[PDB]
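Visitor: Supplied in C-alpha cells, the structure appears directly below.
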Amino acid sequence: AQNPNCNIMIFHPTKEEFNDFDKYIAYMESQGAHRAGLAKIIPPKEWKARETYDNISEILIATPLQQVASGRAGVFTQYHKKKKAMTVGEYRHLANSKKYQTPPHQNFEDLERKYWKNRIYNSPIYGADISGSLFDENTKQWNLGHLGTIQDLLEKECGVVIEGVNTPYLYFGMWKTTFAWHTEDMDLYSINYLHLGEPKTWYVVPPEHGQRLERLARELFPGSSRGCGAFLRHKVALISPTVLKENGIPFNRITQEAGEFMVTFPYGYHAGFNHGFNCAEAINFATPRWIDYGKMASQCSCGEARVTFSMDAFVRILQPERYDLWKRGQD
Ligand SMILES: O=C(O)CNC(=O)C(=O)O
Ligand SMILES: [Mg+2]
Ligand code: NI
Ligand SMILES: [Zn+2]
C-alpha cells in the first residue's frame with residue numbers, strides 16, 4: 001500500500017503532466033496521496049493563473065463575516081457576524097490596519113504558536129464564499145472555472161442526468177481568519193488555489209481516521225453533538241494541534257503559499273488559518289472513486305448546515321433513504 005503513514009505529499013508536475021487534470025489526480029492517488037486527506041501541487045514554472053492581480057480591487061465582498069470565537073484557546077467555536085459590504089480594496093486596507101495586521105514573527109512556526117495562543121481574543125473579518133473566478137479565460141490548465149462538473153461525473157458513472165451547476169468561490173482572508181474542521185459537502189474533493197498574498201496553514205486528518213476526529217469532537221462539543229448527529233457540517237468547531245496530539249488523533253499540517261494548489265480528498269477533515277491578507281479560489285470536484293464516499297456521507301438534518309441547490313440531487317440520487325429527512329432540514 002502506497003503512503004501507509006498517510007503523509008501529505010507534494011507534487012511538481014511538468015507542463016506536459018499539467019494538461020490532463022483527471023489523469024494527474026489519478027496519478028497522485030496511485031502514489032497514495034489521498035491517504036493523507038490533503039496534497040500540495042506546485043504548478044510548472046511556465047504556468048500562470050492570470051497575467052497580473054493589479055485590477056481586483058473593485059470586486060465586492062457583499063457580506064464580510066466577523067468570526068467571533070467562544071471557548072478556550074485550543075477548543076473553541078466561531079460564529080459569523082455579518083458586516084456591511086466592502087470592496088476588495090477596502091478589505092485589503094482593513095487587513096493591513098494596526099488592529100488586524102499580522103504581528104511580527106520569526107517564521108511560520110512562531111506565527112502558528114501565536115495563532116493558537118491568541119486567536120480567540122480577536123475577531124478577524126473573512127470575505128468567504130464569493131461566487132466568481134480569478135483565472136484568465138485563456139489559462140487552459142488547472143483553470144478552476146473550466147473543470148468537468150460533478151453533475152457530469154455522476155452522469156458518466158451512474159447514467160442519471162441531474163440538475164445543478166458547479167462553480168468556483170473566492171475567499172479573501174486576513175490574519176487569524178479561520179476555517180473550521182470539516183469535510184466537503186457530500187464528502188467531495190476540493191481544490192484550492194492561493195492566488196496572491198500571505199500563506200494559509202492547513203491541518204488534516206487522514207480519511208481512514210476521520211471517525212476518530214468525530215468522536216473527539218462529540219466529547220469536546222457535547223451540547224452541539226446532542227443537537228445534531230453531524231454537527232461538524234456546521235463548520236464552526238476548532239480543535240488545536242496540541243489538543244489533537246493530547247487525544248491521540250492522527251493528523252498532519254502544511255503551509256500553502258501563493259501560487260500553489262491544495263487538493264482535499266473525500267472524507268479528509270481539514271481546518272486552518274490565514275497568515276495575512278490573501279485571496280484563494282476553490283471548488284468541489286468528483287472522480288469515480290468519490291461515488292462510494294458520496295453514498296456514505298453524513299448529513300446535517302437539524303437545519304443549521306443549509307447548503308447549495310446542487311446538493312439536492314446528490315442526496316436524492318445517492319442517498320434516497322435520507323432524502324426526506326435531509327430536505328426537511330433544508331426547508
Ligand atoms: O480557504 C478556506 O477558507 C477554506 N477552503 C477549504 O475548506 C477548501 O478549499 O476545501
Ligand atoms: Mg476590480
Ligand atoms: Ni474545505
Ligand atoms: Zn446540524
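Ordered as shown in the C-alpha cells, chains take letters A, B, and onward, while each chain numbers its residues from 1 and ligands are numbered from 1 in the order shown.
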Give the residues close to ligand 1, within 6 Å, counting only C-alpha atoms and all ligand atoms; write them as a PyMOL selection string.
Guide: chain A and resi 179+190-192+282
Visitor: For ligand 3, return the neighbouring residues as a tab-separated table (two decimals) with N, CA and C atoms, in the first residue's frame (distance at most 12 Å; only C-alpha atoms and all ligand atoms).
Guide:
```tsv
chain	number	residue	atom	x	y	z
A	37	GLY	N	-5.43	12.82	3.06
A	37	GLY	CA	-6.59	13.72	3.07
A	37	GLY	C	-6.31	15.01	2.36
A	38	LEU	N	-5.06	15.34	2.04
A	38	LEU	CA	-4.63	16.63	1.52
A	38	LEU	C	-3.35	16.42	0.72
A	128	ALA	N	-15.49	35.39	2.56
A	128	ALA	CA	-15.73	33.98	2.15
A	128	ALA	C	-16.83	33.69	1.27
A	129	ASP	N	-16.72	32.65	0.47
A	129	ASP	CA	-17.73	32.08	-0.28
A	129	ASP	C	-18.38	33.05	-1.31
A	169	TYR	N	-15.54	29.50	-5.99
A	169	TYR	CA	-15.72	30.52	-5.00
A	169	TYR	C	-14.39	31.16	-4.60
A	171	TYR	N	-12.21	33.53	-1.78
A	171	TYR	CA	-12.00	33.72	-0.36
A	171	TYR	C	-11.01	34.79	-0.18
A	178	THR	N	-10.15	32.01	9.85
A	178	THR	CA	-10.16	30.62	10.24
A	178	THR	C	-11.18	29.77	9.52
A	179	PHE	N	-10.77	28.60	9.03
A	179	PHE	CA	-11.69	27.62	8.50
A	179	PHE	C	-11.77	26.46	9.51
A	180	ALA	N	-13.01	26.18	9.99
A	180	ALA	CA	-13.27	25.21	10.96
A	180	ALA	C	-13.14	23.78	10.44
A	181	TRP	N	-13.03	22.82	11.34
A	181	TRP	CA	-12.92	21.40	10.97
A	181	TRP	C	-14.11	20.94	10.15
A	182	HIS	N	-13.87	20.42	8.95
A	182	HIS	CA	-14.97	19.93	8.11
A	182	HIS	C	-14.45	19.00	7.08
A	183	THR	N	-15.36	18.19	6.50
A	183	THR	CA	-15.20	17.63	5.18
A	183	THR	C	-16.07	18.39	4.19
A	184	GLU	N	-15.88	18.15	2.90
A	184	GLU	CA	-16.70	18.82	1.91
A	184	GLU	C	-18.11	18.32	1.92
A	185	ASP	N	-18.98	19.16	1.32
A	185	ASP	CA	-20.36	18.68	1.08
A	185	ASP	C	-20.32	17.31	0.36
A	186	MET	N	-21.13	16.37	0.84
A	186	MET	CA	-21.22	15.09	0.21
A	186	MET	C	-19.86	14.37	0.13
A	187	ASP	N	-18.94	14.77	1.05
A	187	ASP	CA	-17.55	14.23	1.11
A	187	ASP	C	-16.87	14.30	-0.25
A	188	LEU	N	-17.13	15.34	-1.02
A	188	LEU	CA	-16.46	15.62	-2.29
A	188	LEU	C	-14.97	15.94	-2.12
A	189	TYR	N	-14.25	15.95	-3.25
A	189	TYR	CA	-12.89	16.57	-3.23
A	189	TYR	C	-13.10	18.05	-3.18
A	190	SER	N	-12.03	18.79	-2.80
A	190	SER	CA	-11.91	20.20	-3.12
A	190	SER	C	-10.56	20.48	-3.72
A	191	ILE	N	-10.46	21.54	-4.50
A	191	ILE	CA	-9.18	22.07	-4.95
A	191	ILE	C	-9.13	23.55	-4.66
A	192	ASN	N	-8.04	24.04	-4.13
A	192	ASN	CA	-7.89	25.40	-3.66
A	192	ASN	C	-6.63	25.96	-4.22
A	202	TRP	N	-2.80	24.69	6.88
A	202	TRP	CA	-3.77	23.61	6.86
A	202	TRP	C	-3.45	22.56	7.87
A	203	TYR	N	-4.49	21.97	8.47
A	203	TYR	CA	-4.42	20.76	9.28
A	203	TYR	C	-5.36	19.73	8.65
A	204	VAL	N	-5.03	18.45	8.69
A	204	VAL	CA	-5.86	17.44	8.02
A	204	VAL	C	-5.77	16.13	8.76
A	232	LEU	N	-20.34	18.70	12.74
A	232	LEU	CA	-19.20	19.29	12.03
A	232	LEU	C	-19.54	19.87	10.65
A	233	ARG	N	-20.70	19.44	10.12
A	233	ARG	CA	-21.28	20.07	8.91
A	233	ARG	C	-21.63	21.51	9.10
A	235	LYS	N	-19.60	23.69	10.37
A	235	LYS	CA	-18.39	24.38	10.08
A	235	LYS	C	-18.12	25.51	11.03
A	262	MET	N	-3.80	23.21	-3.43
A	262	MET	CA	-4.06	22.15	-2.47
A	262	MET	C	-5.23	21.36	-2.95
A	263	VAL	N	-5.22	20.05	-2.81
A	263	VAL	CA	-6.37	19.18	-3.06
A	263	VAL	C	-6.76	18.52	-1.80
A	264	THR	N	-8.01	18.60	-1.37
A	264	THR	CA	-8.53	17.79	-0.30
A	264	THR	C	-9.29	16.61	-0.90
A	265	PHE	N	-9.14	15.46	-0.27
A	265	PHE	CA	-9.70	14.18	-0.76
A	265	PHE	C	-10.95	13.79	0.01
A	266	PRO	N	-11.81	12.94	-0.59
A	266	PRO	CA	-13.06	12.59	0.07
A	266	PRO	C	-12.89	12.17	1.50
A	267	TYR	N	-13.68	12.76	2.41
A	267	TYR	CA	-13.73	12.46	3.80
A	267	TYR	C	-12.39	12.79	4.51
A	268	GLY	N	-11.61	13.72	3.95
A	268	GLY	CA	-10.41	14.30	4.61
A	268	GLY	C	-10.82	15.52	5.39
A	269	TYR	N	-10.99	15.36	6.68
A	269	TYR	CA	-11.28	16.53	7.57
A	269	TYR	C	-10.14	17.51	7.52
A	270	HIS	N	-10.43	18.79	7.40
A	270	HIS	CA	-9.42	19.82	7.36
A	270	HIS	C	-9.88	21.08	8.07
A	271	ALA	N	-8.90	21.90	8.50
A	271	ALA	CA	-9.12	23.15	9.21
A	271	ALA	C	-7.87	23.97	8.97
A	272	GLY	N	-7.94	25.25	9.22
A	272	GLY	CA	-6.72	26.06	9.08
A	272	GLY	C	-6.96	27.51	9.25
A	273	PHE	N	-5.94	28.29	8.92
A	273	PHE	CA	-5.98	29.78	9.13
A	273	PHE	C	-5.11	30.51	8.17
A	280	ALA	N	-7.82	33.31	-2.18
A	280	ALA	CA	-7.86	31.94	-2.63
A	280	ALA	C	-9.07	31.71	-3.44
A	281	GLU	N	-9.05	30.71	-4.34
A	281	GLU	CA	-10.20	30.27	-5.14
A	281	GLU	C	-10.34	28.82	-4.93
A	282	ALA	N	-11.55	28.29	-4.74
A	282	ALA	CA	-11.71	26.87	-4.51
A	282	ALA	C	-13.03	26.39	-5.12
A	283	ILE	N	-13.07	25.08	-5.43
A	283	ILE	CA	-14.25	24.47	-6.00
A	283	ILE	C	-14.22	23.04	-5.59
A	284	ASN	N	-15.40	22.43	-5.48
A	284	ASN	CA	-15.54	20.99	-5.33
A	284	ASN	C	-15.46	20.26	-6.66
A	285	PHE	N	-14.98	19.02	-6.61
A	285	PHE	CA	-14.98	18.18	-7.80
A	285	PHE	C	-15.11	16.74	-7.34
```
Visitor: Check which residues fall inside 10 Å of ligand 2 when counting only C-alpha atoms and all ligand atoms, and print them as an mmCIF file with C-alpha atoms, in the first residue's frame.
Guide:
```
data_model
loop_
_atom_site.group_PDB
_atom_site.id
_atom_site.type_symbol
_atom_site.label_atom_id
_atom_site.label_comp_id
_atom_site.auth_asym_id
_atom_site.auth_seq_id
_atom_site.Cartn_x
_atom_site.Cartn_y
_atom_site.Cartn_z
ATOM 1 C CA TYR A 53 -3.576 40.894 -9.906
ATOM 2 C CA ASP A 54 -3.439 44.666 -10.409
ATOM 3 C CA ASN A 55 -7.048 45.200 -11.179
ATOM 4 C CA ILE A 56 -9.034 43.217 -8.488
ATOM 5 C CA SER A 57 -9.796 45.958 -6.002
ATOM 6 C CA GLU A 58 -13.261 46.608 -7.209
ATOM 7 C CA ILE A 59 -14.546 43.075 -6.569
ATOM 8 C CA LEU A 60 -17.312 43.361 -3.923
ATOM 9 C CA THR A 87 -14.697 46.207 -1.889
ATOM 10 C CA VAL A 88 -11.552 44.052 -2.025
ATOM 11 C CA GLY A 89 -9.515 47.333 -1.932
#
```
Visitor: Determine which residues of stretch 3-188 of chain A receive a DSSP assignment of strand (DSSP E or B), computed from the backbone, and state them as a PyMOL selection string.
Guide: chain A and resi 9-11+38-41+60-61+65-72+75-82+86-87+125-131+169-173+178-182
Visitor: What does the distance from atom CA of residue A:26 to atom CA of residue A:6 come to in Å, to one decimal?
Guide: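 Straight-line distance from atom CA of residue A:26 to atom CA of residue A:6 works out to 16.7 Å.
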Visitor: Could the residues that lie within 12 Å of ligand 4, counting only C-alpha atoms and all ligand atoms, be listed as a PyMOL selection string?
Guide: chain A and resi 223-236+298-307+325-326+328-330
Visitor: With a distance cut-off of 10 Å and only C-alpha atoms, select the neighbouring residues of stretch 158-161 of chain A, excluding the residue or stretch itself and same-chain residues fewer than 2 positions from it, and output the selection as a list in words.
Guide: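 Selected residues are residues 151, 152, 153, 154, 155, 156, 163, 164, 288, 291, 313, 317 and 318 of chain A.
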Visitor: Using only C-alpha atoms, determine which residues lie at most 10 Å from residue A:100, disregarding the query and same-chain residues fewer than 5 positions distant; provide the list as number ranges by chain.
Guide: A: 93-95, 122-125, 174-176, 276-277
Visitor: Grab the residues selected above and save them as a tab-separated table (two decimals), in the first residue's frame with C-alpha atoms.
Guide:
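part25.tsv, written as the output of this step:
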```tsv
chain	number	residue	atom	x	y	z
A	93	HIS	CA	-6.71	48.20	3.70
A	94	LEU	CA	-8.58	46.83	6.71
A	95	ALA	CA	-6.47	43.64	6.79
A	122	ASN	CA	-9.69	38.66	18.32
A	123	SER	CA	-12.49	38.66	15.70
A	124	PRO	CA	-10.95	38.80	12.18
A	125	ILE	CA	-13.18	39.54	9.14
A	174	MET	CA	-6.66	38.30	6.75
A	175	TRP	CA	-4.56	37.36	9.78
A	176	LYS	CA	-6.40	34.84	12.01
A	276	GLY	CA	-2.36	37.79	6.47
A	277	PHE	CA	-4.19	39.40	3.53
```
Visitor: Can you work out the spacing between atom CA of residue A:134 and atom CA of residue A:80 in Å, to one decimal?
Guide: 25.0 Å
Visitor: Would you work out the distance separating atom CA of residue A:47 from atom CA of residue A:279, expressed in Å to one decimal?
Guide: 18.3 Å
Visitor: Compile the contact shell of residue A:112 as number ranges by chain: residues with an atom at most 12 Å away, counting only C-alpha atoms, same-chain residues fewer than 2 positions apart removed.
Guide: A: 102-103, 105-110, 114-119, 175-176, 199-203, 240-242, 253-255, 272-275
Visitor: Could you find all residues in stretch 118-255 of chain A that DSSP calls alpha helix (DSSP H) from the backbone, and write them as a count of residues only?
Guide: 33
